[PDB]
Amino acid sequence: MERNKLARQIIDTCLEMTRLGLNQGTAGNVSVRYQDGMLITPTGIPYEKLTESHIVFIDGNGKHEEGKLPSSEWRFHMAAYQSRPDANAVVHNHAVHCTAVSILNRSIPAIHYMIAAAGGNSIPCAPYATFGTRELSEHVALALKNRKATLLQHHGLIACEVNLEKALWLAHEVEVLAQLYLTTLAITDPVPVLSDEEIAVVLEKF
C-alpha cells in the first residue's frame, strides 16, 4: 500500500477503462482514498502519457501538491469520499450509454437483476450543475447516500467501491444496464421491470 503502488493501479484502471470503451472523448478521472485525502489523476495529461509521478495528492482541506494540477473534476471525488465512508476508490467517466440516459434525465429502473449491485432497485440521475462546482458536489453526495453509482444529468457517471477493481467493475456494469435500457426503451415505454420484492430477494441473496 505504498503511494506508488496505488499510483500504478490508478493508471492501470485508466487504461483498462479505455480498453472497455468507457473512456471516450478521454474525459474520465479516477481516485483512491489515501492518508487524509486521496490520490487522483491530473488534468491535461492524456492517459497514455501517465506515469506514477503525475498522480496528484489532495488533502482533506482541498489543497493539492505543489506544481501538480489535479483533475478538473476532483471536487466530486472528495464529495464521494465524505459521503460514503466505506468508499475507497472512485471512477468517473462519460461512457456513452450512461450519458445518453443522463440526458433524458431518467434513473435506470430494475430491468435486470444485476441492478442490485449498486445497492438498490435503481441507478439514480443527479440533477445538472456546472462541472467543478460545489452545487454539483452536493447533488452527487445526496445521490450516493444510498447507492454506489449515480448518473449525472447531461454529463456522465460516478461509481464508487472498496477498491479500484470493483469500482471499475461497477462502472462497467452500469454502462451495460444503460445500454440495455436505451435499447428496450426505443421499442417500448415503459420498459418491463422486476418488482421491489424480487429485488429484495436478490439483495439479500448478494
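Counting begins at 1, following the sequence as shown.
The PDB entry reports B-factors from which the mean C-alpha value can be compared for 45 to 53 and 163 to 171; the larger average falls on 45 to 53.
Averaged over CA atoms, B-factors in the entry run higher in 58 to 66 than in the other of 58 to 66 and 136 to 144. Of all the options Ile40, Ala27, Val176, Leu157, the entry's greatest CA B-factor is assigned to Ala27. In this PDB entry, the Cα temperature factor of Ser122 sits in the bottom third of its chain's modelled residues, the lowest group. When all modelled residues of the chain are sorted by CA temperature factor, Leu20 is found within the highest third. Residue-level temperature factors show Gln82 in the highest third of its chain, judged at the C-alpha atom.
Compared with the other modelled residues of the chain, the Cα B-factor recorded for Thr184 ranks in the lowest third.
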